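Reviewing the structure listed below.
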Amino acid sequence: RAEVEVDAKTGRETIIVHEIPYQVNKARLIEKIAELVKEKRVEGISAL
DNA sequence: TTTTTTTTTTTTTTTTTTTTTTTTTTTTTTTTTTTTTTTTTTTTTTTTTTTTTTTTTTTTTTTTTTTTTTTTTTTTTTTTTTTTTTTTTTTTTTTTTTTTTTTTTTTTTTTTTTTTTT
Numbered sequence: 245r246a247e248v249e250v251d252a253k254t255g256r257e258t259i260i261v262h263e264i265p266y267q268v269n270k271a272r273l274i275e276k277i278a279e280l281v282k283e284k285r286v287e288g289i290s291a292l
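Throughout, the entry's author numbering is defined as the position within the first sequence, counted from one, plus 244.
Given below as structure tokens:
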């Protein structure tokens, strides 16, 4: 369960993951996202 | 009772190999330096009515040099073949899940002994 929050003051967008699937480790999920960002397999991510 | 044959581990130290300490080259990483975006206000630029004298298009006619034109022979175009690259099925390998089998390490505290350095 995630939403693309859109700022009102500026046009920048931030994705917020409210919930996570079952039997998924959050630390490994964040590490995998960081690995994809470093390898440029997923584009558009600014921060994490 | 004396004397004779044979067997191996040691005096071994040297040759071969292995193990363990080393430091050149392409791939990371922190720094400074240059591209981007948002506000203030500011003289400055720029949008929109009115008048005006202008200078280019439309009555009409003229020609000549680009539009007609036909035809020879080139030469770009197309065909077949083969190589190089791109891209996707296929396979392999690895990781995570939850109950099982196995293990392995770092320090305090005192007192006494080995074990090196001066």
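C-beta atoms are modelled at their ideal positions from N, C-alpha and C, and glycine is treated no differently.
Which of helix, strand or coil DSSP assigns to residue i
i	result
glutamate 247	strand
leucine 292	coil
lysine 270	helix
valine 286	coil
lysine 253	coil
Distance between beta carbons of residue j and residue i, contact taken as under 8 Å
i	j	result
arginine 245	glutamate 263	4 Å
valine 281	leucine 273	About 13 Å; that fails the 8 Å criterion.
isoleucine 259	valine 250	Contact doesn't hold; Cβ gap of about 10 Å is too wide.
N- and C-terminal bounds of the alpha helix (DSSP H) containing residue i
i	result
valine 261	Per DSSP, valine 261 belongs to no alpha helix (DSSP H); it is in the beta strand (DSSP E), 257-261.
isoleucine 264	Unbroken run through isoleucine 264: none, as it is neither H nor E.
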